[PDB]
């Protein structure tokens, strides 16, 4: 509601600030603007939001702030591509973004597999992401939390499927193949948004874009966010060392001087191709790409 947030929330590079109690109203505002004050019952939605918050953990990066920030990036993409996605897709994607890291411990799928965690026996591929979706469903199934209760049974199954595919697509290992397919479709002119399977890929890429969006903020935000990202990675690295396994250098706090080189690698192999491809499909997302490039230049600056 405050006037500065009113204006600035429309910017792709908005940062949601340090006042946690404001983040729910920020999410409600985004969801009402992206699909009527009259869709979700307000008391039901508020109850849902607080239970989601509660099942996020106090880890350095994959926390409740990240969830809302990823939702905000989705809001921004959707607001600047009016008319492409249906009411149902927009509601589903925003809720998917809010829920997409539920009950995250700060550890990757690879660590969970190497640790032999029970979640890895339950869900062999995209382990944390299948968990995040299971948590979403369990929250929806609590008395008073079914924010989709006015939908038909068919539309409910539809939106849950939208949410499921969107959360799964946040498994970055899936992004490389997805992005390759989308680039082949762009270049041959075969991409068709009326084709559900194509549409699903586009939405997947949007989920990657939102999930990575720390690299599309202004430099001071991007830089400070990277401290939280590496704080989790280095903790996992420590855990890897404790299982008897040399971690990759990105996770090795002893190789912390190579952070800039590591960022260069990531921007070159992941972030820039991600936002390049997104911009080709959805040209109004260009500010994400531009901000990404500016941050690549800042990292190159750090190296000199």
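Numbering follows the first chain given and starts at 1.
When 36-44 is weighed against 241-249, 36-44 comes out higher, by mean CA B-factor as recorded in the entry. In this crystal structure, the stretch out of 202-210 and 131-139 whose C-alpha atoms carry the higher mean B factor is 131-139.
The entry lists C-alpha B-factors for 148, 230, 176, 111, and the highest of these is at 148. The PDB entry assigns its highest CA temperature factor, among 93, 172, 167, 121, to 121. For residue 188, the recorded CA B-factor ranks within the highest third of the chain. Only modelled residues enter the ranking.
In the deposited entry, the Cα temperature factor of residue 275 sits in the bottom third of values across the chain's modelled residues. In the PDB entry, residue 83 places in the highest third of its chain by CA B-factor. Compared with the other modelled residues of the chain, the Cα B-factor recorded for residue 49 ranks in the middle third. When the modelled residues of the chain are ordered by their C-alpha B factor, residue 16 lands in the lowest third.
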